[PDB]
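Worksheet for the structure shown next.
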Amino acid sequence: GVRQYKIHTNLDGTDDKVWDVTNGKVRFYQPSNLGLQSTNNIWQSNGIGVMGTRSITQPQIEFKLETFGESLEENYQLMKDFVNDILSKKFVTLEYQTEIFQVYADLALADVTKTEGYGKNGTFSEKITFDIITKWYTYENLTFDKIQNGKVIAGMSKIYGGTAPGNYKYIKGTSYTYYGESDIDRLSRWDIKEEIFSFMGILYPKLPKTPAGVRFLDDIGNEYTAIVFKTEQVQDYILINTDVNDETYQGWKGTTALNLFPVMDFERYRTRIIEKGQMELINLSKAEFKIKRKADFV
Amino acid sequence: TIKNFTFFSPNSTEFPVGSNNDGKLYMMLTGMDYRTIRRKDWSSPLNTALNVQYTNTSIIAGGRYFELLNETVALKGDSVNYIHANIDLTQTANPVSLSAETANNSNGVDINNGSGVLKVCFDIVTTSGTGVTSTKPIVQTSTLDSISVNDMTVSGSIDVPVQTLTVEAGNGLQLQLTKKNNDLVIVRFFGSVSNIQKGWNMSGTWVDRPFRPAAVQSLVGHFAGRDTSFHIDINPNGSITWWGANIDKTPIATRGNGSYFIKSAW
Amino acid sequence: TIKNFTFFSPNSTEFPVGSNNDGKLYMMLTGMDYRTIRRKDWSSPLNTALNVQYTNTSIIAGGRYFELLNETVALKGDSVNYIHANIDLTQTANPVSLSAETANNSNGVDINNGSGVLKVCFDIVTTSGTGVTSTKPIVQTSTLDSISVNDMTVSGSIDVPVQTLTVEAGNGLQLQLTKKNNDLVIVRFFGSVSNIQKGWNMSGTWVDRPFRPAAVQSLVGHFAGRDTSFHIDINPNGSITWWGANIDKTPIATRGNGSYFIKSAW
Amino acid sequence: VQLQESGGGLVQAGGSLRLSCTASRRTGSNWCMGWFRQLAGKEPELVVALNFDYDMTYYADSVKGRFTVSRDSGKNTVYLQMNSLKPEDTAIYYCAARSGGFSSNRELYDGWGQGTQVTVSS
Amino acid sequence: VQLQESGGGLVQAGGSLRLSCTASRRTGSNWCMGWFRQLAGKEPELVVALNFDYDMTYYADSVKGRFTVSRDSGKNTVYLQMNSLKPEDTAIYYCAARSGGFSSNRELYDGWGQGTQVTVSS
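Chains as they are written, first to last, in the numbering used here: chain A, -10 to 287; chain B, 246 to 511; chain C, 246 to 511; chain D, 76 to 197; chain E, 76 to 197.
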């Protein structure tokens, strides 16, 4: 029922160390603010507001950091391990779980205090502050497959053909089959309905000597951005990551990685800002995505 | 093994759909078993002497669709003729036939999974010595589980579950409760009451949980052959409170019908 | 744009029928959503140790028909296993698979209009440490709009709309009205009546239009702790007429249940 | 359920005493709050009770015209004001509350009190 | 878990009536099969039961020496021979079955019946 916080040293990595900061020996209490600020750069011209660009600011999170070691040695060890575990990574991930959500925030330590004003057994009562990187996200795993419909064959496919008003037949073992599906293509597409932070994907090119990647279309079906490549050699798969802090465009051939950025269609890559609409594959048999979904407030 | 049907065949050969597979699918969509039909007379059948001519009737039997187009069935005189649709898949050229029989010989044979002749009665034609006197169709049964509906019109009747309970309330009072649809209760008073005071809980059995109301229910009763009345309260906890006048040692016969709802709004 | 299916394709190229188009058609014919199934065990599934063998079961999930023919599902011991049918259209050769899960993980994924794996629970199989102890199927839901029916049999219950109203009728009398199906009303009397004469209209609020009957309704009530009774008339115009004896300054507690129909034959 | 008693103590014959009782909640319809008493090592008897839903009181013949039960309006509080207190009335008064009307059976009461002692000299 | 009930009905006071109950399976050790009835309380009370594993019976004081519980051995079938029935025995006798011995709590029973109506006249 009650809310749960956890600090992950590497969310979704095999080496992930999890500190239960709700029930463990190191706990977080009283987040300063899990809210936000907004500006619309409004100018009043005698009370009449003139709206400008809207911008969100995520405030830093300060927590009360308390230790529950049963001795001086244990409490010194808990402080040292917790802080150095945070300090050893580029960023750390806070898990925020309630009965209605299980969300994450990528954070970077801004400050930590260390004093001597000990309670029983030398327990710590300090302040920890984090700079926000990505506040409130979840991961969504999506697979896109380029499936082609079969052909329509008179005598096999379900269709009312022939002499008027048309017919099909049940013929043991050949009877009627379904040619395909209307919009089979939908299975290779991302139907974008929500805000995202970024995405990461593994692209499997189809035809050789042909550019491959993905394109993004707005609500009226017009292309507004795309990540497309033209490599000299065929790649087993291409890995992409639009995360501003871990941005990657690399082709893999066997166990060899190559930076494919110099070979991207820069003119087509207009923006990284993904709008509502849909993503289509470009010369790919399959694509596997890990999308970083976004929520400014939870 | 999983055998797939409503799926696309990439090479036009993977998932062929058989007539028996569609038969089973259709039976499932409409909620029919092998002991009923779907039947529609697009035009009226015509009776001439001891014969019924199906002018344009469609039938679904065992999920198999067929049409009776100027199909005449000869009838037995001074008899109740049970008209059957018979499906024998071994008669490859003509798998469907009609018969007029002395009894309803519907056999529920699963023609979509196994061998055998499916026989299903769809019409009852009564004759005199000269011709048809009356025709009654066999009911088309829809077997459904849980229904969500906006509006319903019933021309016949709805049969809902009925539960009964007899309570020896104490003090000689006997309640006979009948609950319908798990909501509407009609209480019938019996017995004869004695040794009770107003506001007092009756000395006997409390009402069983399935008959307890969500809110207190005051039920008016009458003393047989008198101008006097009483009322009792059936409380949500199952207890019964006497609300007539104080009754002495001499029993007085208690009768009457009182109704209540078990359920409130939700 | 209009995409036609159940129509003549003169060149056998115009209106081919896709598996998703038939899926949507079937869903519409039966009144099913993506959160239910149509299921039929043509032969009984067989339980052997921590396994359920579906011998011959047909399922419709998302309007897609498939058959389980000697298909075994391994179960978790000392557990309630939720048996699911999982549909992944990208697995063209084998789009359907079965799973035994710890919870009902039905996801309502629209496989006929979008991407994704449809998961729909159809069976609940409870096990001991050694085998199956019980099996319960998931309910098959029919979502319908307006039904015209001749006869109906209900084994469970019918849930109809309920409306409530409290009327401060005047003179201390309080009516608590519960209306079900917009027709049957049960009136529960409360309060205590004083300063009223026979034939006189009560001094308070008239009955709201939705609870007014087509014809005058006389409802019998009782005086708590007495052998005396009264009746009130709920008039079609909404007014309430007192038909008990004249009541003086001292209020007497009024109780009792009375029923009436709002609608007459129409 | 839970009951909170008050009052009691000593007073001479022909005097006056007051009892107070508050119930935490109501168990249902025909809600009755009253007192039971065990006189001279004998079986308890429902001395006084009040039906909240019907505003109907019950008094045992032995206390009629002396003892008066009152309710504290909107609150679930019952008061017992006794006059002409006699030494036979020297007993421990237990507050009782239930849904379903008046009853002589102690078991049928949903709420039972700790007991308040009333002592009266000759 | 699944229970099959039969018997009961109508009989004049002093007469006899018999109840039968069959359970589909056994849920475990300390396997019990008995009957519950409404007895002037907010909860139905266990009136007669039999522990299969111990061959020990339980009878509520109200039915002692009149009602007799018997079994069908290998078959999970329990019979209730009710003798010298009085109007006070008129109730619905819901058959109950569980693993873990006798209990007054109806929520602890693995199998609960639809009930069987017993009516006694004069």
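All residues carry an ideal CB built from backbone N, CA and C; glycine is no exception.
>> So with CB distances below 8 Å, who are the chain D contacts of B/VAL461?
In response: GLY103, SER104, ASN105 and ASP128
> From the DSSP output, which residues share a beta bridge with C/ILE305?
Replying inline: C/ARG283 and C/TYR310
> Okay, do the stretch 323 to 337 of chain C and the stretch 347 to 363 of chain C touch, 3+ Cβ pairs below 8 Å being the bar?
Replying inline: yes
>> Below 8 Å on C-beta distance, what does D/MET131 contact in chain C?
In response: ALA469, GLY470 and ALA498
> A/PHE71 lies in the alpha helix (DSSP H); which residues open and close that run?
Replying inline: 61 to 76
> Would you call A/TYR18 buried or exposed, if buried means 16 or more other Cβ atoms sit within 10 Å of its Cβ?
Replying inline: exposed
> How close, in whole Å, do the beta carbons of D/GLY176 and D/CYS96 come, if the pair is a contact with beta carbons under 8 Å?
Replying inline: With a Cβ gap of about 18 Å, D/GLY176 and D/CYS96 do not count as contacting.
>> List, in chain order, every chain D residue whose beta-carbon is nearer than 7 Å to that of B/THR486.
In response: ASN105, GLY175 and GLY176
> At a CB-CB cut-off below 9 Å, which residues of chain C make contact with B/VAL438?
Replying inline: By Cβ distance, chain C contributes nothing, its closest Cβ being about 11 Å from B/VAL438, past 9 Å.
>> Give me the DSSP bridge partner(s) of C/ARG433.
In response: C/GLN421 and C/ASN502
> Do E/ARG100 and E/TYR154 come within 8 Å of each other at the CB atom, strictly closer than that value?
Replying inline: no
> How many angstroms separate the CA atom of C/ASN301 from the CA atom of B/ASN357?
Replying inline: 11 Å
>> Pairs of beta-carbons, one from the stretch 382 to 401 of chain B and one from the stretch 380 to 391 of chain C, closer than 8 Å: are there three or more?
In response: yes
>> Can you look up B/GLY263 in the DSSP assignment and give me helix, strand or coil?
In response: coil
> Do three or more CB pairs link the stretch 176 to 196 of chain A to the stretch 221 to 234 of chain A at distances below 8 Å?
Replying inline: yes
> Going by C-alpha distance, which of B/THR251, B/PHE456, B/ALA338 and B/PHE367 is nearest B/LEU429?
Replying inline: B/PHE456
>> Using only the alpha-carbon positions, how far apart do B/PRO290 and C/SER254 sit?
In response: 33 Å
> Using the C-alpha atoms, what's the distance from E/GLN189 back to C/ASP286?
Replying inline: 27 Å
> Looking only at C-alpha atoms, which of A/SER146, A/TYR85 and A/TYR126 sits nearest to A/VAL10?
Replying inline: A/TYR85
> Should E/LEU183 go down as buried or exposed, given a rule of 16 or more other Cβ atoms within 10 Å for buried?
Replying inline: exposed
> Using a Cβ-Cβ cut-off of 8 Å (strictly less than) and excluding sequence neighbours within five positions of C/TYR310, which residues of its own chain qualify?
Replying inline: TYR271, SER303 and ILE304
> Are A/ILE181 and A/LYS124 closer than 8 Å when you measure CB to CB?
Replying inline: no
>> Which of the three DSSP states is assigned to A/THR260 in this structure?
In response: coil
> Does E/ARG112 have its Cβ less than 8 Å from a Cβ in chain C?
Replying inline: no
>> I need the straight-line Cα distance from residue 225 of chain B to C/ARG280, nearest angstrom please.
In response: The structure shown does not extend to residue 225 of chain B, since chain B is modelled only from 246 through 511, so no value can be given for it.
> What is the C-beta distance between E/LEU78 and E/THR194, in whole angstroms, given that I count them as a contact (C-beta under 8 Å)?
Replying inline: Not quite, the Cβ-Cβ distance comes to about 21 Å (not below 8 Å), so this is no contact.
> Taking 7 Å as the cut-off, is the CB of C/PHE456 close to at least one heavy atom of the ligand GTP?
Replying inline: Inclusion of the ligand GTP in the displayed structure is not the case, the ligand content being empty and no account of it being possible.
>> Per the DSSP calculation, C/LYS364 is bridged to which residue(s)?
In response: C/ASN331
>> So that I know if they touch, is there some Cβ in chain B lying closer than 8 Å to that of E/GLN87?
In response: no
>> Would D/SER178 and B/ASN480 be called neighbours here (beta carbons separated by less than 8 Å)?
In response: no
> Which runs of the alpha helix (DSSP H), 4 residues or longer, sit entirely within the stretch 67 to 153 of chain A?
Replying inline: none
> If you compare alpha carbons, which of A/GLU183, A/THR56 and A/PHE250 is closest to A/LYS109?
Replying inline: A/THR56
> CA-CA distance, A/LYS195 and A/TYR258?
Replying inline: 21 Å
> Going by DSSP, what residues sit across from residue 302 of chain A in a beta bridge?
Replying inline: No answer is possible for residue 302 of chain A: the residues shown for chain A start at -10 and end at 287.
>> Does chain E have any CB closer than 8 Å to the CB of C/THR378?
In response: yes
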